[PDB]
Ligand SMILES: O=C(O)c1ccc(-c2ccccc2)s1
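This document opens with one chain alone, in structure tokens, the form solved without 5-phenylthiophene-2-carboxylic acid.
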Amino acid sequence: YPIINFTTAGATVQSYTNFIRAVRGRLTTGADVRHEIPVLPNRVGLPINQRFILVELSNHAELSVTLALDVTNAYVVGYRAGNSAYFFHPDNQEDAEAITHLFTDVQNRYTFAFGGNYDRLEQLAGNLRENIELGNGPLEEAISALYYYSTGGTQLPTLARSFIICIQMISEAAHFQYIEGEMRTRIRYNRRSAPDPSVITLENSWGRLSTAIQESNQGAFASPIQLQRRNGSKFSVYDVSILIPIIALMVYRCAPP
């Protein structure tokens, strides 16, 4: 599968922007764009040889980990670190067979009992997204924790906290130019801070925004979607127009009429 490399060591806003630009280009084919937003490949009919891309991450401690992203949703399905590969609990048999193709050369393969969704991972982390720091230092630490899980050095709540960091900084940055923008600011000023309400409500709403946009009547939504602004106030979305500089990729929901 293609591999995109990224290191937190000496990361700048441009090396992070290049990286997310590369991920997005690997994820989308250009064949399906609706209202100027790219749609991800439809899962039905997609060959296994085109199902995943790998993101290889290194940190200043010269430790590496390779995450496997699912091309149909850009979410992380599992990872390897040296000798071992770990996969989230497959949602169905199709995905169970698909993941057999990843990291085939690792000696030890584990599939966790829990799935990679934010509700599961927050219960396990013992903390919500609203209280977990994001930034380059958070991501630097995440890479060592994921790596040392192999050698028994990382406890499960840390493994889950570290997954929450990697998924928002790679998968959600790729899903939203807005969330990518938030991560660039953190690196510009080397700040580390939990996500405000606009970030979390966009993350929660990605599936619904994808469906409302593809089901729209010429761009007008049949019913509004409430989002939150950085200060927590509500904001109603009525039309795809205002989302065009905010969402970067939609999950496939229906054929273009």
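When you see a residue number, it is the position in the sequence shown, counting from 1.
From this point on, the text means the form deposited with 5-phenylthiophene-2-carboxylic acid bound, which you will not see here.
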item: Residue contact check: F103 to 5-phenylthiophene-2-carboxylic acid in the entry with it bound, 4.5 Å heavy atom; value: no
item: Proximity of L27 to 5-phenylthiophene-2-carboxylic acid in the entry with it bound, heavy atoms at 4.5 Å; value: no
item: Any non-hydrogen atom of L202 within 4.5 angstroms of 5-phenylthiophene-2-carboxylic acid in the entry with it bound; value: yes
item: 4.5 Å heavy atom contact, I53 and 5-phenylthiophene-2-carboxylic acid in the entry with it bound; value: no
item: Whether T66, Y79 and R109 all lie within 4.5 angstroms of 5-phenylthiophene-2-carboxylic acid in the entry with it bound by heavy atom; value: no
item: Residues of stretch 232-246 in contact with 5-phenylthiophene-2-carboxylic acid in the entry with it bound (4.5 Å, non-hydrogen atom); value: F235, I246
